[PDB]
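Scroll down for the structure; my scribbles are underneath it.
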Amino acid sequence: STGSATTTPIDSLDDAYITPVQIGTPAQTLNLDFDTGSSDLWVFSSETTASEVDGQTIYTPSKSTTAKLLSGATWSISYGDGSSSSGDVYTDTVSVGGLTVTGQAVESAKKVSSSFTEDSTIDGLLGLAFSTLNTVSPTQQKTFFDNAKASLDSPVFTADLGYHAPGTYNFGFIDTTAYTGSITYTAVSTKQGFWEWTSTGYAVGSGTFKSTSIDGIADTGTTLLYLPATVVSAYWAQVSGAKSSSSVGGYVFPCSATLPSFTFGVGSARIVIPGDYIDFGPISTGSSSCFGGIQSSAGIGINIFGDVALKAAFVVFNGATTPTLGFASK
Ligand SMILES: c1ncc2c(n1)NCC2
């Protein structure tokens, strides 16, 4: 089997991407944030505290003839931005782009933090990291990809995120029309539960490539590119007036700037992030200070190749017995 679904930016800045997902019988379609950095599929639901729902589409398990309470199971998750959610668990039929999994754990939120309530465009998360990170207790649950993989034509999914435009998540096949050149594959460590790999270096604008190993994760659920402070300083030093602002919480730059590109290495190959992809707009409405899309990972404990990086590439998440990642230009 295969599946193919369009993923759409939630706003004009590509702050996140939503992909429609069919849950239950009859189908209830919710727009979920596909997140290769976490491993829980959770949804706003009829169980979510009413004051914490503001415009999201909810899953109502009592209206699904295939929903079953997973007795005793609870979940609770927190993300790197301080947001969180928790609840109980159903199993139900879940389909993405024509690919159907029966018995998928659908984690129903009883509580969500304020940033979730405040974002009416995201109805939940669909985790695509390794199932060892799944938070369901006392019986850990498998991700949608893990449940689907035996049925897929090939045990892979691909992320093709757009810049200010829709893109595609494919399951079970590699669309050879969706990228240019060849796909360069690179080793993955699953020891932390992530699609963790080692970039071979970087360049800023037209500058010379610096060969240096950068361990990080391919994370579609993180908006920005978080890299070591040395690398980020080298990038922003090429932007007149850019500075790190403690009050804002990262590097900012004059909105009048033209940003340089940023290149990262995948083996001997190179992925170029155009400068415009690094502009996250005014820090507050009407400001001429703009927020940078490349930020330091120094406070995080891991480097994160988030959407800013991944949207410059066609990315293969290869879930073969030994997982690997593939990157192609597009
Ligand atoms: C990283 N990964 C997932 C999410 C996040 N940050 N904020 C809300 C959901």
Side-chain angles (χ1 to χ4, degrees), residues 4-21 31-37 55-56 81 96-97 115 118-123 125-126 128 157-170 175 177-181 202 204-205 218-227 232 235-236 238-239 242 248-264 270-295 304-317 327-330:
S4 182
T6 300
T7 193
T8 300
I10 62 165
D11 65 19
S12 63
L13 299 176
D14 299 349
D15 281 315
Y17 297 78
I18 48 168
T19 307
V21 177
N31 295 327
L32 306 187
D33 182 355
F34 281 24
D35 180 6
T36 62
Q56 298 78 12
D81 60 8
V96 174
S115 292
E118 292 159 4
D119 183 3
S120 66
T121 74
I122 289 175
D123 300 327
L125 274 279
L126 190 150
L128 294 167
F157 70 89
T158 65
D160 180 8
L161 303 178
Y163 167 69
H164 293 176
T168 306
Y169 282 101
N170 291 329
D175 178 358
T177 71
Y179 59 87
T180 62
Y202 69 97
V204 176
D219 186 3
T220 60
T222 291
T223 310
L224 305 185
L225 173 53
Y226 294 88
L227 291 172
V232 175
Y235 177 82
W236 289 110
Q238 297 305 310
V239 180
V248 175
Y251 279 89
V252 298
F253 67 93
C255 292
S256 59
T258 300
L259 294 177
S261 63
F262 185 89
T263 299
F264 63 94
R270 308 285 178 254
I271 299 295
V272 179
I273 305 171
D276 291 348
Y277 291 26
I278 299 162
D279 185 348
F280 278 74
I283 60 170
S284 299
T285 304
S287 176
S288 72
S289 185
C290 273
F291 198 70
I294 294 178
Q295 298 292 345
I304 307 172
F305 294 85
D307 298 332
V308 163
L310 303 180
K311 78 177 69 178
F314 178 87
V315 187
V316 179
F317 293 81
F327 292 82
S329 297
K330 64 187 185 191

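Scope of the values below: all heavy atoms of this structure, side chains included, with no hydrogens, waters or symmetry mates. Note that the numbering runs from 1 along the sequence shown for the chain.
Among all heavy-atom pairs drawn from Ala5 and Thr19, the shortest one is CB-CG2, 3.6 Å. Of all heavy-atom pairs spanning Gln295 and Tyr251, the tightest one is OE1-N, 2.8 Å. Nearest heavy-atom pair, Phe280 versus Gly293, reported as atom, atom and distance to 0.1 Å: CD1-CA, 3.7 Å. Considering all non-hydrogen atoms of both residues, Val204 and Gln238 come closest at CG1-CG, 3.7 Å. Of all the heavy atoms in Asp33 and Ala16, the pair that sits closest is OD2-CB, 4.2 Å. Between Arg270 and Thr263, the shortest heavy-atom distance links the atoms CB-CG2, 3.8 Å.
Within the 4.5 Å cutoff, the side chain of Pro20 has heavy atoms near those of the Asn31 side chain. Under the 4.5 Å side-chain criterion, counting only non-hydrogen atoms from C-beta, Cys290 is in contact with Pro282. No side-chain heavy atom of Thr121 sits less than 4.5 Å from a side-chain heavy atom of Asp11.
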Q: Report the C-alpha separation of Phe314 and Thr180 in whole Å, then their side-chain angles, then the decisive distance to 0.1 Å, and conclude whether the side chain to side chain contact (heavy atoms under 4.5 Å, CB included) test is met.
A: CA-CA 9 Å; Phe314 178 87; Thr180 62; over 6 Å; no
Q) After noting the C-alpha distance and the side-chain angles of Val96 and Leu126, does the key distance pass the side chain to side chain contact (heavy atoms under 4.5 Å, CB included) rule? A) CA-CA 10 Å; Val96 174; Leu126 190 150; 4.2 Å; yes
Q: Please report the C-alpha distance between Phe253 and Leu259 in whole Å, then the side-chain angles of each, then the deciding distance to 0.1 Å, and finally whether the side chain to side chain contact (heavy atoms under 4.5 Å, CB included) criterion is met.
A: CA-CA 9 Å; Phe253 67 93; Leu259 294 177; 3.7 Å; yes
Q: Could you walk me through whether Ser329 and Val272 pass side chain to side chain contact (heavy atoms under 4.5 Å, CB included), step by step?
A: CA-CA 8 Å; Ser329 297; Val272 179; over 6 Å; no
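Applying side-chain contact (heavy atoms from CB on, under 4.5 Å) to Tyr235 and the options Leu225, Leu227, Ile278 leaves one that passes, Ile278.
In terms of modelled atom types and a separation under 3.5 Å, the side chain of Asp14 and the main chain of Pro9 share no donor-acceptor contact. For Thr220 (side chain) and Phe34 (main-chain N/O), a donor-acceptor pair under 3.5 Å exists by modelled atom type.
Using the six-membered ring where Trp is involved, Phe264 and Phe305 have ring planes that are tilted, between 30° and 60° apart. Note on ring orientation: taking the six-membered ring where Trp is involved, the planes of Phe262 and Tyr202 are parallel (angle under 30°, cut-offs 30° and 60°).
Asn170 contributes atom CG, which lies 4.0 Å from atom OG1 of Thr158 (distance to the nearest 0.5 angstrom). Here the CD1-CG distance, from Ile122 to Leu32, works out to 9.5 Å after rounding to the nearest 0.5 Å. Distance check: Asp219 CG to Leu128 CG gives 10.5 Å after rounding to the nearest 0.5 Å. Note that the CG atom of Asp175 and the CG atom of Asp160 stand 8.0 Å from one another [nearest 0.5 Å]. Between the OG1 atom of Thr36 and the CZ atom of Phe317 there is a distance of 4.0 Å, given to the nearest 0.5 Å. Rounding to the nearest 0.5 Å gives a distance of 9.0 Å between CD1 of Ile271 and NZ of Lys330.
With 3.5 Å as the limit, one finds no donor-acceptor pair spanning the side chains of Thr223 and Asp307.
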